[PDB]
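Understanding the architecture of this molecule
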Amino acid sequence: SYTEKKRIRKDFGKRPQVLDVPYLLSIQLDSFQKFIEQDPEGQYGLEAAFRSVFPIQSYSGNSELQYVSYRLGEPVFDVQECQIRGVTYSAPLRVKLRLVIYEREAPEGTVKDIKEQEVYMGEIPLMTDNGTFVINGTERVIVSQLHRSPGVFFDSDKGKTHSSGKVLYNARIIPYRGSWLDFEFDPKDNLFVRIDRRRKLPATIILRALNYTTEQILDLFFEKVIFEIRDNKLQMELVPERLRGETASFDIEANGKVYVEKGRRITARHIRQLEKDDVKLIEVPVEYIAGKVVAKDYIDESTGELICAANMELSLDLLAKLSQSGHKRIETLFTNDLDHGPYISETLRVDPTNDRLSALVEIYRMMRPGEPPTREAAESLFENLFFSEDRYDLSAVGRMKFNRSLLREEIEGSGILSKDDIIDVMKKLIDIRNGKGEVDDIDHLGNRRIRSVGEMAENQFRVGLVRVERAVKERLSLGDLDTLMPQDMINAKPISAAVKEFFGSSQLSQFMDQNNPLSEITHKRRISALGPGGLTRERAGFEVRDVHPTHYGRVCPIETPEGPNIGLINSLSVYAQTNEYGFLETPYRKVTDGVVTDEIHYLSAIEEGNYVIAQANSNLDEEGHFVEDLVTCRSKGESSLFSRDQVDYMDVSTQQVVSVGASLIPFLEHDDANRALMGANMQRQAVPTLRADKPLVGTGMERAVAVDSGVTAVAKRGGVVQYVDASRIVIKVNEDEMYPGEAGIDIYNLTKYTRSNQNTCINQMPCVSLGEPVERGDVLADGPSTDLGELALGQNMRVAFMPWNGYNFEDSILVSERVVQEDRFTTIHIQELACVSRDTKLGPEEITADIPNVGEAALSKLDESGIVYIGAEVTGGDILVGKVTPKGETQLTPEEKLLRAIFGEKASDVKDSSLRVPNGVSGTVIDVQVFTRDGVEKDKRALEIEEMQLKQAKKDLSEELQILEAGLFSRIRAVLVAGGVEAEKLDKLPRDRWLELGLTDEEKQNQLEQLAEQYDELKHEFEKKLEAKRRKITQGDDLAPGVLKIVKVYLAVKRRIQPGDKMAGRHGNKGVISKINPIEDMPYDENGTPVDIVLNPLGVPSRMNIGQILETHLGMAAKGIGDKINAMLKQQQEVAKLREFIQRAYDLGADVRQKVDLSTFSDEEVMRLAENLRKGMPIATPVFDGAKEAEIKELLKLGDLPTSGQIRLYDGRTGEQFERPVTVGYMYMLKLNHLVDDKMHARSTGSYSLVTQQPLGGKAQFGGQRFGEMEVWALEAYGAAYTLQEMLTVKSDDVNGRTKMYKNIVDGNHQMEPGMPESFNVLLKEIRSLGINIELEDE
Amino acid sequence: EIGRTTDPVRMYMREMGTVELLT
RNA sequence: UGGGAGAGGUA
C-alpha cells in the first residue's frame, strides 16, 4: 500500500477477518443497474416493462405495434453541469418500434405496411457514480423500502371478541398488484371473504363463482363416512382412526366380539383393538345418525323428485324415505367436535346464493353496488378481478412465497390465481383452525422484502407505459393506416410526467443529507417502512417498532431516529445483501466436523432459523476448531448453549450486527444502547471543520467509509504523480496499466468550495506530493471531513472529568480559549442567494448599476454592470445585484411630462427591488453565476464570466490535445521502431514535425501516412469539440417561462464556536458550550499544559456510556506515545531509536492480528511515519473486539503515564490543587449543526398573516413565538389575567389595540386598550357562511 | 338497485340505461 | 408577499 505506509493505525483486534467489508453502495448501484440494463431474457427493468405491454392489437385487430429494441442516448450535460445549471441529469430514451397492419380484407393479411422508425419516449434521470440522482440541479437519494412480500400470510388476532376471548384465524392473499383477497372467521365458526376489505360475504360464494356445486365443494372440503342400510338396521363401514377419546353412543359390535361399551369412551388401546381385529362393517343404531349431515345429492329414482339434497340434517322420516326409495347406500360427511369441524356445512347453510350466476351477481352487487347486474358484466368483472394477467400479478416472488407457505414444491408458476390456489388457501386456514399448523410471524424478515430504487422506478415506468398504451391503442383503433407513423401517436408526456413525478416528489425521493460523508452514506444505505405501499407513521404500533430476533446481521438495532420515527426507519448492516427476490441475507462461515473453514454462505432470513450458528466471540485456534465444548449458539429464534460438534455455522465477523455508523464508535460494547443509538445518530450531524483531524481512537472502518463514500478522489490507474495543484492532480500511469492506444495521463479536477445541501463546505484538498508514486485504489484528495483517507468528523480534545464551578452543570461543556484561538471547530458555511429578472407586464426589468435614491457608499461594492465584485465582504442590509422594476405611469402631470421629454426614461418612476443580503448574514463573495435567456444581449459582466469560462475550457482542451498528440506520436514512434531502426534521427528533430520523415513505400510507410491522417482528423474532432464547447457556453439558457436572466450569488462565512453551540463525543454525550474560559483559568498539570475541555463526571453513571472513559484513557495513552515520538524527533536522535520505539509501540497488544515490521521500511519512510505519528499514534479498536483494560494500561505504561489513568491537576485561578486525581485524556469531539447563530431569534413587530391577522411564524420570515394552549393554561393557573389579555389581544390579532400599544409605548405610557381579536371575527364569518346565525348578543 | 349507492355518475348511468336506443 | 402538502431533524 502507499496511502497506508504513511500512517499505520495500531490495531487491537484479536480475531482475523475472513471477509472484507464490501462496497458500501452496492444496493443502490446494483438496483439501478438492474433497472437500466439491457438483458435478453432474465427480465429486469426497462426490457421487462416494454415486454409487459408490447405488443398491442387494435379494437378489432387490423394493426398492431411491436417492440424491437430500446437504447439510451448520451446525456446532454455532465453531472457538474447539471448541478451548476439547475437542470436534471437525465438521458434520452430512444426505442425502435415496429408497426404492422393486418389486412382484414384478407383472411390472414400479415404484411401490408412495415414501419421501423426511432421513437423518443421521454427521459429517465440517471444515477451518478455515488448512488445519487441530480433532480432539477439538487441532489436526491431514493431510499429503499421494506414492505410485506406478496404471497399469503395466515395470521390471527388476540382476543377481539371479548364475549368469549376466542382467536379468529384469517388468511390474506397479497398480490404484487391487484385486488386483495382475505378469508377469515367469526365467533360462530363461519368462513367469510372480503375482497379489497369490503363487506363480508360467505366464503362459498367464491367457490360457486368458480363453477363448483355444493356436492363438489363437500368432496373438496370433507371426507365420506359411508353408510349402508340392510334389512332395516343400519350398518357403517368404519375406519377405526376417526374416534379419539369421545364416548360411544352405543355398545359397538364386530362379527363375534364386543370391544367398546355404551357410555365407555374409546381409548388408544381400543384403537389398537380395532386395528388388530381388522373389522370393516359395524352395525349402528338409529339415533346415532340423527345428527349427521348428508353429503350426496339424492333423488327418488322411481319418480324423479329430489328427496334430499347436499348439506341438510336428515331426519327419521327422511331416513325412512331413503330406505323405501331404493337408495340403499348413503354417503354422509364425517364431522367432529375437536378437529374435523363443520365449517363448510354451516357456510353452505348461511350461503344464500345457489348457482354460478346468482353468486356472480352477488359478487357484482358487492363490488359495484347500486347498479343493475347483468350476466356478462358480472362474468367479466369476476374474470378481470383475479384470473386475468393484465389486472393481477404476483411477479414470481409472491408465487415463491405462495408455494412455500402452501408446502408445495414447484417454485415458478402462473402470475395469476386459480381454483386450486383458492381452495388450498381455504384448506390451510381450515387446518390452522383445526390445530395442525401455526400462524405466521408478521414482523419476520422472511415476510418483508426490500423494494429498491430500480424496482420502484420500473413500476412507475410501467404505470406511465399503460397510461400511454391505452391512448395509442385508441388512436390505432380509429386513425388512418398508410400515413400513420408511430411517432405522432406515441406521446412522451405521460411516461416522462410519471417518472419525473416519482423522482422529484415521491415520499421516498429524499433530499440527501450532506453534512459529512457518513451522513450521505447512511442515507444511501437506509431502509424505510413508510412510503407508497408501506405503513403510515401515525397508525403503527409497538410490534413493528421492535428488534425482531431475525435482525441479527441484516438490520442494525442501534441506529434509528429517536422521535415518532423510531422503529420505522432502520439502517442496513455492514455485510447485509439482498436475494434476487429481495430478502435480506448475511454471510456465515460453514463449519465442517468442527473445522471452521473459510467458505462463505449468504443465508437468508428463514434459512438461518433452522441451523445452529456460532457466535463470533467464540474462540478458535490453529485454523482448527473450538477451544471449548459447551459453546453458545442461536437457533430457531432463541440462543442457548450447544456442543462443539453440533454447530452448523459461524458469524463472519464481530461487527456483523451493527450498521456503518454504529461501527465507528470505539468501545461500543461498554455503552448502554440508549446512548450508543444517540451517538450513531449524532455522528451524522457533525459539520466538517477547517482542518481535518483523524481520531486517535477509531475502528478501522474509517478508511472504508472515506473511500466508499465517493467524497475523496481515488486513483483509477496507478502510477506516478506528474503535477499537483490546489485544483488539479495529473498522474502518469505505469505502462503495464496503460492501454496500447493511449498516452497514459489521468487528470483529476478537484471540486473546490462547492456548497453542500446543508450549506456546509465541500472541497478536495490534495494529500499527495510532487513525484510521489501511487497505486490503483489509493486516496489522492481528502474530501470535506476526511484526513489522509480516514474519516475525520471532529478534533481530539484534551478532556478533564471534573465539575468546574457549575459551568458544566447539566450536560454542559466548558471550553478553553485556546480552542477558539487555534480555530479548531471553525466551520465554513457557503450560502447561495438568487436574483431573478422577470418580465412584468408593465415592463421588463433590467439589471444595471443605475439604482435610484440610494447612497454612493453601497454602490462601491457593485461593479459598473450592476453585480457585486468577487471578493467583496458584504454585511447585512447591503446590495448584491441591482435590479430595478418599472413602477407604472398611471398619471399625466407636467412634471413627469417634462421628465420624459428631457431624458427619455419612459418609466422614470421605478421601484428599486434589488436583491439584498438578509440580516444577520455576513461573509465574502466567492462565486457569481449569471444565466440568461435567448435573444437578450446579456451584459459586460456576463461577457466577462463567459470569457473566463471559455479560456478555462480552452486550456483544458489544449492540455487534452497535447496529451493525445503525445500518445499518438508515441504510437508513430513505436510503429517506426517496429518497422525500421531509427532512434537518433527521430529525436534529433522535434516531435511535432514527425511526419515529413520518410523512406521507401511499404507497410510502415502506409501506416505512417494513415496515422498522419488520423492525427489530422484528431485535430478535426479537437476543433469540433472546441466549437461544441463554445456554442454550449454561448447558447442562452433554457430558463423558466417568464424570466429573463438569473443572477446567483454565493457567500461564505466562517463560524467560530461560541456559548450555546452544541458539541458531542461519539457515545451519546452531547452538550452545549456554556463558557469560553481563558487558558490561565483552565486547570493544568505540573507541566503547565491546560486542559482543552472540562466535562462533567456526573453525566456518566446514570447513562452508562463507559466507552467515554475508555476512549479518554486510550487517547491519553496514544497522545503519550505521540509526545515521546515528538520528543525524539525534536531532539533529532537517530533512525535506530525511532525504529526501535515505534516497533515497540506497534507490537504491543496481547495476541493481536496486526503484524507491522519496520525492518522492510526504509529510513525515509520511517522518518515520514514518525512525522505523521508525532501528533499521536492512531489506534484501531473494532466494535465487540476491543482493547482490554490490561492493554490500555500496558500502553499507558509504555508512554510513561499513570497506570490508573488519573493525574493530579492544579487549579487555574487560585493555583491550588484539586484534592483528588482527575481523569484526563483525549476524547474525540464533534461540532453538531445546531448553532446558536441559527437558533437565536427575536422580534418586536413585523408582518402578519393575511386571513387571521396574527404575526408570522419562522425565523426565515421574522415570525413570533407561538404562545400556545398550554402556556395559556399556565397563565390561567397563575392568575395573570392582564398578561393573558395582553397576549391574546395587543401582541396578536387585534389591530387597533396593537397600533395603539406601539404608539403608547413610544409615548411612554405603558397602557393598553384592548378589543376584539380578528380571528374571532373570522370565526363568526365562517360559522355564518355555514348558514348558521351566530352573533354577539348585546347585553 | 334503488338505494345502496352515493356516486352521482353511477346513479346517472343507471338512469340513462333504461330508455332504449333508436334505430 | 404569504397559503398548503411531503420529507427529515431538535428538546
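Residues numbered from 1 in each chain as written, not as in the entry; some residues may be left out. Chains lettered and ligands numbered in written order. Part of a larger assembly, values for the part shown. Heavy atoms only, no water. Residues with missing side-chain atoms left out of burial classes, pairs and counts.

Regarding the pairing of strand β7 (residues 144–148) of chain A
All names here are of chain A.
- Buried residues dominate β7, accounting for four of its five residues.
- As judged from the two bridges shared by β7 and strand β23 (residues 526–528), these two strands associate in the parallel manner. Paired with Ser144 across the strands is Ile527, a residue of β23.
- Bridging between β7 and strand β21 (residues 448–451) involves four bridges; their strand directions are antiparallel. Its bridge partner lying in β21, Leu146 is registered against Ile450. (Buried < 20%, exposed > 50% of the residue type's maximum accessible area, 1.4 Å probe, protein only. Helix = DSSP H or I, 4+ residues; strand = E, 2+ residues; numbered from the N terminus. Pairing = 2+ DSSP bridges.)

Brief notes about the interface of chain A and chain B
- Listed per partner, the contact involves six residues of chain A and five residues of chain B.
- Our count for the chain A to chain B interface comes out at zero salt bridges.
- Counting the contacts that link chain A with chain B gives one residue pair in polar contact.
- Its residues placed into classes, the side of chain A that touches chain B shows two nonpolar, one polar and three charged. (Contact = heavy atoms within 4.5 Å. Salt bridge = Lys/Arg side-chain N within 4 Å of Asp/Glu carboxyl O. Polar contact = N/O pair within 3.5 Å; in protein donor to acceptor, adjacent residues only side chain to side chain. Nonpolar A, V, L, I, M, F, W, Y, C, P; charged D, E, K, R; others polar.)

Brief notes about the side chain of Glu47 of chain A
Residue and element names in this part refer to chain A.
- Turning to its location among the elements, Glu47 is positioned in helix α2 (residues 46–51).
- Accessibility expressed as a relative area gives 4% for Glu47, which makes it buried.
- A polar contact is formed between the side chain of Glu47 and the side chain of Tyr67, at a distance of 2.4 Å.
- Once residues within four sequence positions are removed from consideration, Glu47 is found in contact with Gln38, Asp39, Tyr67 and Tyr70.

Focus: the side chain of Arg194 of chain A
Residue and element names in this part refer to chain A.
- Tracing the sequence through the fold places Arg194 in strand β11 (residues 192–195).
- Looking at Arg194, its side chain comes within polar contact range of the side chain of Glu184, at 3.0 Å.
- Polar contacts involving the side chain of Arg194 include one to the main-chain carbonyl oxygen of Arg197, which spans 3.4 Å.
- Among all residues touching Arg194, those that are not within four sequence positions of it are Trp180, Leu181, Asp182, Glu184, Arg199 and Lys200.

A look at the pattern of salt bridges
Residues and elements named next belong to chain A.
- One pass over the structure, following the stated rule, counts 59 salt bridges over all chains.
- We note a salt bridge from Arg1103 to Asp811, for which the minimum N-O separation is 2.9 Å. Pair noted here: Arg1103 is in helix α23 (residues 1100–1103) and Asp811 is in the loop between β44 (795–801) and β45 (812–816), with a separation of 292 residues, a long-range link.
- You can call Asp811 partly exposed: its relative accessible area is 34%.
- When salt bridges with common partners are traced through the structure, they connect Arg7, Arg9, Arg703, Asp787 and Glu790 into a single cluster.

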